[PDB]
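Visitor: Numbering (the working numbering), first residue to last: 9 to 101. Don't be surprised by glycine CBs; every beta carbon is placed ideally from N, CA and C. I am attaching a structure below and will ask some questions about it afterwards.
Below, the structure is given as structure tokens:
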């Protein structure tokens, strides 16, 4: 299991609207823990306009949020985008 920490949540984004903040850890997505960051990336990219149910940990306490990716231009199709930068060496999603 992994629990990715957020480094930045862009203003005026799906993630900011969802109430996410830097320091939050994503512990569950749609009722199941993440084991790879790429899984979250694909779930966001593939699902513009859909409601993703998040469980996060905030300072060690659980919170539930609803994240709805915005539709943005993609290389082959429209993709979802939420405006999150994870802690580490990954690209924004």
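For residue 47, which three-state DSSP category applies?
Guide: Looking up residue 47 in the chain shown gives position 39. Three-state DSSP puts residue 47 in a helix.
Visitor: For residue 47, would you say it is in contact with chain D, using Cβ-to-Cβ distances shorter than 8 Å as the test?
Guide: Protein chains in the displayed structure number just one, and chain D is not present.
Visitor: Please return the same chain residues whose Cβ sits closer than 6 Å to the Cβ of residue 66, not counting the five positions on each side in sequence.
Guide: As a first step, residue 66 is located in the chain shown; it is residue number 58 there, counting from the start. Contacts found: 32.
Visitor: Thinking just about the alpha-carbon of each residue, which of 75, 53 and 51 is nearest to the one in residue 27?
Guide: Counting from one through the chain shown, the residue named residue 27 turns up at place 19. Ranking the options by Cα distance to residue 27, first place goes to 75.
Visitor: Tell me which residue opens and which closes the alpha helix (DSSP H) that residue 24 is part of.
Guide: As a first step, residue 24 is located in the chain shown; it is residue number 16 there, counting from the start. Element bounds for residue 24: 22-26.
Visitor: What does the alpha-carbon distance come out to for the pair residue 79 and residue 98?
Guide: Translated into positions along the chain shown, residue 79 becomes position 71. Translated into positions along the chain shown, residue 98 becomes position 90. For residue 79 and residue 98, the distance between alpha carbons rounds to 21 Å.
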